[PDB]
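Structure first, then comments.
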Amino acid sequence: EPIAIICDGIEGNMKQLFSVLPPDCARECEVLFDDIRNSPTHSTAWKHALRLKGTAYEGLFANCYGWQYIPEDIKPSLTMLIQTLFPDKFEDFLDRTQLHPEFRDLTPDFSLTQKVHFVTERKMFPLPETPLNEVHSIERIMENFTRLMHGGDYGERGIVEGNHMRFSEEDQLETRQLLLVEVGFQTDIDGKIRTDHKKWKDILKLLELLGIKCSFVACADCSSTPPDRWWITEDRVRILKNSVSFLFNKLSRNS
Amino acid sequence: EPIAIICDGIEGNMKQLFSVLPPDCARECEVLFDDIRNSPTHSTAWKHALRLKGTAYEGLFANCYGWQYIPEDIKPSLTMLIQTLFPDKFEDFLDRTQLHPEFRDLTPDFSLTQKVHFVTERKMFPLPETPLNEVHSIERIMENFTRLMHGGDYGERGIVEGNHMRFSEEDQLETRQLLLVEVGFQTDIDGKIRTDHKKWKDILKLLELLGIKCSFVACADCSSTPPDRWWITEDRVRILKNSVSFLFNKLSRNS
Amino acid sequence: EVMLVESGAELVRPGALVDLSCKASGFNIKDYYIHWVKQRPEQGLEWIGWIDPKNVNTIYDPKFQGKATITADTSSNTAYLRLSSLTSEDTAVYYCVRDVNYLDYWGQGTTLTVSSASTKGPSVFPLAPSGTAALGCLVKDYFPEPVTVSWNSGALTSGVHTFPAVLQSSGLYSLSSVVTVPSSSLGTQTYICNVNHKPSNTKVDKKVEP
Amino acid sequence: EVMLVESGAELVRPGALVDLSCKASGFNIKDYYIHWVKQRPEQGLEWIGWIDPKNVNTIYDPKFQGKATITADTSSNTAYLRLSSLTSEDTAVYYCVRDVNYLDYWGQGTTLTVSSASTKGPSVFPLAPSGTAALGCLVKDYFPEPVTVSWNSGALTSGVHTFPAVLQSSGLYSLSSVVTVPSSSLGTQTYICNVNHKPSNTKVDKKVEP
Amino acid sequence: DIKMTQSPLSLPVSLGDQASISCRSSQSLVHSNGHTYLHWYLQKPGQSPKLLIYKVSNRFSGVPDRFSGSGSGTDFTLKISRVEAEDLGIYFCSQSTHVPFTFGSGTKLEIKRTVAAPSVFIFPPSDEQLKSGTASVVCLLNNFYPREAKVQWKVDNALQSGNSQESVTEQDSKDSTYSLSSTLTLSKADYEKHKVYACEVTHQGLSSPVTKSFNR
Amino acid sequence: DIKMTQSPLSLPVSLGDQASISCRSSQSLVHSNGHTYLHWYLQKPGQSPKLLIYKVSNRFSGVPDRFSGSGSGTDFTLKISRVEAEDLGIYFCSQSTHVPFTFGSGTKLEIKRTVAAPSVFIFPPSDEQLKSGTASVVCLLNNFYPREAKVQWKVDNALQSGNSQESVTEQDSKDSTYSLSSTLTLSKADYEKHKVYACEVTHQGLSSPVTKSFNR
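In order, the protein sequences belong to chains B, A, H, C, L and D. For reference, each letter of the first sequence is one residue, going 585 to 702, 730 to 763, 796 to 898 in the entry's author numbering. For reference, each letter of the second sequence is one residue, going 585 to 702, 730 to 763, 796 to 898 in the entry's author numbering. For reference, each letter of the third sequence is one residue, going 1 to 130, 137 to 216 in the entry's author numbering. For reference, each letter of the fourth sequence is one residue, going 1 to 130, 137 to 216 in the entry's author numbering. Mapping of the fifth sequence onto the entry's author numbering: position 122 corresponds to residue 122, and the numbering continues sequentially without gaps. Mapping of the sixth sequence onto the entry's author numbering: position 21 corresponds to residue 21, and the numbering continues sequentially without gaps.
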């Protein structure tokens, strides 16, 4: 079956998926569907579909918790996160990572921070501004993730880890904190959470040596979960399976 | 619904609102209504209403207690009040705030003082004259504000704060006093009162240190208060709801 | 530095007209009101009017309406005062004054005399000596009263007394100007009194010596 | 090294037009925005507008829209500021600035004085010596305000003072430039002050000696 | 027309003393805007008026701390805490609340000084005056205090009256003294008629009248 | 138009001391993107503004660490931990959050220094100036502190006024001292008229006014 026909066949479902996504995510996913429609090979199409699955899913996940879909090329790195949020510590950070220069660039899907206080603004910037994903409370977002791992499956499809450093009730409202999140829709679930864990237990360690509060989440969903049990609300999972997972399902049938 | 059509529809209510406003306020809200009528977007219209609401409210609040509406741009700051009212202490004032120059510029909506005694006037002035909002007695204006906080709600919707400095009965009729007032028509009432208290408790102290008797009031009304229980008389609250709050209500339905 | 510089005709015949000017340096007069104030010996200080150069509004004392006309040229940073229909009641000093919401700076003033004919130039007859010595310059027989006496062109001022003019019975004024110097500098120093009687455009530099 | 070099008409009459240019060296300006900032003694630093050379968009302060017009040539790596309808309010120093999301590097700045006095050439007069001895160059009677004094063509800088111009009563400017050197060097070393007054295309290298 | 009334008209004070100048007005000087527009000016001899105190009590820039302005309503007081010699002059108050502005008549600040008899000088008419046919003889009384002085003109022992004019300076700012030039007038024919000219100066600080004279 | 307000306008500090400069804004300078676009510039005398601290608290490349930027919302503080002599100049803060960008009015950083009397030099006009028909005589007061200085131009013991102009330098970056050029102006005839020319300097650090002079 010809991909232009298959993409004509699910175009309606797709258009529903783009409408439930953050605006940047929707633009980015439109391209991926035009690229899939127009692919020369099942190998080229499949590679884009794999991206649209992941790209769509972060968009839904970001949408479900108040976060903003940060496209891949502009996702902040560790060094950008360190330098922007903690300039004073930036010089010390550069040192700890001298033997591990690979840690300098690690990029969480989501890099969150608690809004701190102690239109016709500037709108164009010649260089990218390293983006600030601001959340009202890391802790309250942390709570809702621990609860869902113990009922009030989820305990198996994630990890929550916090670096042990202490922050006061003024210190949480005085100082910057970091919640780093990895989300997936991969087949092998305990891979996301264990692969990242190897790097991430060590990184949380290093951020605590440098005096930064940093919080972590890894989680994943797979097709075989009950619809009422995804990390994103059940109505959303109705759309992702009907759009993107359907597009895989036909793309394994013709190849 | 076309904003010019909504403004054609409530033009009568608005014109009634303007006739009960102090002349400077009335003019200022006439523009804000012509601006709302001619607006391009509901985003632009909405922001004018936000100003037209509060501008109307202060004009009403100023009218209800015998005070004069001081247009936003010519509202005196603290540095002007001290300098105009207390020249000898002005050099002393400049010193205390050298670490907090931010105090220097605070502009209470109303900055009042007791008329003191120990046609064909000058009407045109090349430079603005820092306006002197003169009231017959700060004490009697203060009394009426505490009473309405304890029955004879209001105790929840305001604060009255006075600096502990002593003034004799001759010293009150000899020397200048300062009544600083903040008024609002915001939805979050406890916001007006507590935001100001942080900054303002410190200022009464400092006006005390400098030998200045200064008295303070902050208060707010919200849409859901009983019309017989606003800081402004009930016939006033009638017009403001029929004019300006009616005008938001149409601007939330179309946005 | 703020400075208001008044210049105008020092003498005019009665019934005539005079334009006095007020040159502003150190500020723009669009940024203030400018006033005219008349000063006489007995009559005292008398405010006349103010002009707003920004949008050209004038507010006078009603007694001066028809007598006064304050005009302004902000491109040249100047206000003018026209006094028309001159009488002796208009013989006085005139000042322009800056308005900062209160009158603060005044000019040096221009003298105006409304009389019938004169333009008489003064005659300077030195008064010479005979440890400290007295010399001078008798400045005689000129008519419009303003005269300016200096010594050694503004360099000698200490010890100097320039007396008020007297109105002689012939009706011309005459004034005296003396300076006391040490006898030892006398004849070792040169002493020039410089008189200026602007109404006759008479300029005289008489040397005084023993 | 990053450097922004502004050059433009040093003097132009009122009502005219002026183009200022900004040569960028050390970076391509496609990769940034370029701003213009006006600076006056009282008026202070005043932003004007920025240009995006990548796709040519401009954003100005509304008080300047219609006065200013920023254009750019990425091939010759220059931005331009055209100011039209010149007045005295436009007499100012002007800088172009590099935008990296915040303004970071600024140019030397070009001076503009808007008047009709026409250009005038500076007269350069040696100030001579007579342990430590002082020499100089009085740079006299020129009109466009910006002048440049250097010494031994920049080889001598230490001990050197260039006083801010004075605006004489003749309405021409005048300035002083002095240097203190060891007296035993005097007459062993040559001391040339190199003055430049661009608006009259005057260049003078006057030797100053005992 | 707000009338400005200043008392006293003349104020003798000694250097270092305190001076009090009172100004009273016909109507209240309080403006409806909450301000009071009454100010103090000092016009020194032969100079333009200078602002001392503006709006009842504020010092104009460059004014010393010994000048203080007080009052309210219609009674206002200017006080000079430590009188100095340069503080001579006529002090004017002014209301700029109502049009037309009005100024008081002035308080003449005078200085009490240790009395000093006058230096006296006498001048014969120059040759340029004799050639013109008139002849003026000048008697100068120099740098004396108090002002009161009686010049007597005597030509060859002949007291005169009515052919003499005299002029007096204002108090001098450095020393708070006076000078006085008295001029006797005659014709060149009538001057050559006599040979002895004297001036008889009578003053408090001279316990005897003093005479200075010359011969033609 | 965010208003940027800087206090104090002037900051005299002694070398090695700490300086605090405050910048307050009309509205919050926080961008919706979560960044703050308030920056500190230092313009040394007669140089262009140079960037110190960008976005509240980031040092610009090559900027010493004794410069530190603090603040949030609308209140910002710039601190210089050890004032140095080269640090002279006017410090500007700027917001680049809102269009139009706005800059403070400026804080003038000065240096407190041990008093230094002035060296004085007196310059006769060149023959070239004489042949041109004018004659300018220059008095140089070199490398002194503090700025207050009193030039007196006296031609043949005759004090003058109004034929003299003077200009003063900004504090020197090396020593934080001033210089002052005062220029007297005459006609070539009027210069040849006299023979003795002197400059009388009065300054705090000279206990007696000092005089420098020449003869034609």
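All C-beta atoms in this analysis are idealised placements derived from N, C-alpha and C, irrespective of residue type, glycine included.
Residue i at chain D interface by Cβ criterion, 8 Å
{"i": "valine 172(C)", "result": "yes"}
{"i": "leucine 144(C)", "result": "yes"}
{"i": "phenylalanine 169(C)", "result": "yes"}
{"i": "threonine 186(C)", "result": "yes"}
{"i": "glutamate 825(A)", "result": "no"}
{"i": "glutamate 675(A)", "result": "no"}
{"i": "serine 25(C)", "result": "no"}
{"i": "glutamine 600(A)", "result": "no"}
is_contact[residue i, chain A] using C-beta, thresh 8 Å
{"i": "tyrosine 32(H)", "result": "yes"}
{"i": "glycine 62(L)", "result": "no"}
C-beta neighbour in chain C for residue i, strict 8 Å
{"i": "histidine 98(D)", "result": "no"}
Residues of its chain near residue i, where Cβ-Cβ distance is below 7 Å and the 5 sequence neighbours each way are ignored
{"i": "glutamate 84(L)", "result": "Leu15"}
{"i": "residue 725(B)", "result": "Shown without residue 725(B), the model has chain B running from 702 straight on to 730."}
Residue i in three-state terms, based on DSSP
{"i": "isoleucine 198(C)", "result": "strand"}
{"i": "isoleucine 855(A)", "result": "coil"}
{"i": "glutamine 18(D)", "result": "coil"}
{"i": "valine 100(C)", "result": "coil"}
{"i": "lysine 188(L)", "result": "helix"}
{"i": "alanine 198(D)", "result": "strand"}
{"i": "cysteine 613(B)", "result": "helix"}
{"i": "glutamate 804(A)", "result": "strand"}
Proximal residues to residue i (C-beta, below 6 Å), its chain only, five neighbours per side dropped
{"i": "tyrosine 95(C)", "result": "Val37, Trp106, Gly107, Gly109"}
{"i": "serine 70(L)", "result": "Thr77"}
When the options are compared against residue i, the one with the closest alpha-carbon
{"i": "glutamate 151(H)", "options": "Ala140(H), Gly15(H), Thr58(H), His203(H)", "result": "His203(H)"}
{"i": "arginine 82(D)", "options": "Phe76(D), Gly89(D), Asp75(D), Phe67(D)", "result": "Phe67(D)"}
{"i": "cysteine 613(B)", "options": "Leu601(B), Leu665(B), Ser623(B)", "result": "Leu601(B)"}
{"i": "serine 72(L)", "options": "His39(L), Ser164(L), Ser119(L)", "result": "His39(L)"}
{"i": "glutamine 820(A)", "options": "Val826(A), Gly763(A), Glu877(A), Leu847(A)", "result": "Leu847(A)"}
{"i": "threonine 102(L)", "options": "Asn215(L), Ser48(L), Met4(L), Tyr91(L)", "result": "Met4(L)"}
{"i": "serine 183(H)", "options": "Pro53(H), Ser206(H), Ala128(H)", "result": "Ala128(H)"}
{"i": "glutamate 42(C)", "options": "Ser176(C), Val93(C), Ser130(C), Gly66(C)", "result": "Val93(C)"}
{"i": "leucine 683(A)", "options": "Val56(D), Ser119(D), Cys23(D), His98(D)", "result": "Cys23(D)"}
CB contact check: residue i to chain H, cutoff 8 Å
{"i": "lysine 108(L)", "result": "no"}
{"i": "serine 126(L)", "result": "yes"}
Neighbourhood of residue i by C-beta, 8 Å cutoff - its chain only, sequence neighbours within 5 removed
{"i": "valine 153(C)", "result": "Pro122, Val145, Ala171, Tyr179, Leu181, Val201, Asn202, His203"}
Proximity test, Cβ basis, 8 Å: residue i and chain B
{"i": "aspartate 52(C)", "result": "yes"}
Minimum Cβ-Cβ distance from residue i to chain L less than 8 Å
{"i": "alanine 140(H)", "result": "yes"}
{"i": "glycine 44(H)", "result": "yes"}
{"i": "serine 75(H)", "result": "no"}
Name the residues in the stretch 98-116 of chain C whose C-beta lies less than 9 Å from a C-beta of chain D; which are they? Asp99, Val100, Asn101, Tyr102, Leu103, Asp104, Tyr105, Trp106, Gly107, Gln108, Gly109
Which residues, in chain order, does the stretch 31-47 of chain D contribute to contact with chain C at a C-beta distance below 7 Å? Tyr37, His39
Closer than 9 Å between beta carbons: that is the criterion. Which residues of the stretch 147-162 of chain H meet it against chain D? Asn158, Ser159, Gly160, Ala161, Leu162
Give, in chain order, every residue of the stretch 137-157 of chain L whose Cβ lies closer than 7 Å to some Cβ of chain H. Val138, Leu140, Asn142
Scan the stretch 57-89 of chain L for residues whose Cβ lies nearer than 8 Å to a Cβ of chain H and list them as they occur along the chain. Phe60
Chain C contacts made by the stretch 735-752 of chain B, where a contact means CB separation under 9 Å: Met735, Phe736, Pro737, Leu738, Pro739, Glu740
Within 9 Å of chain H by C-beta, residues of the stretch 160-190 of chain D in sequence order: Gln160, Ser161, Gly162
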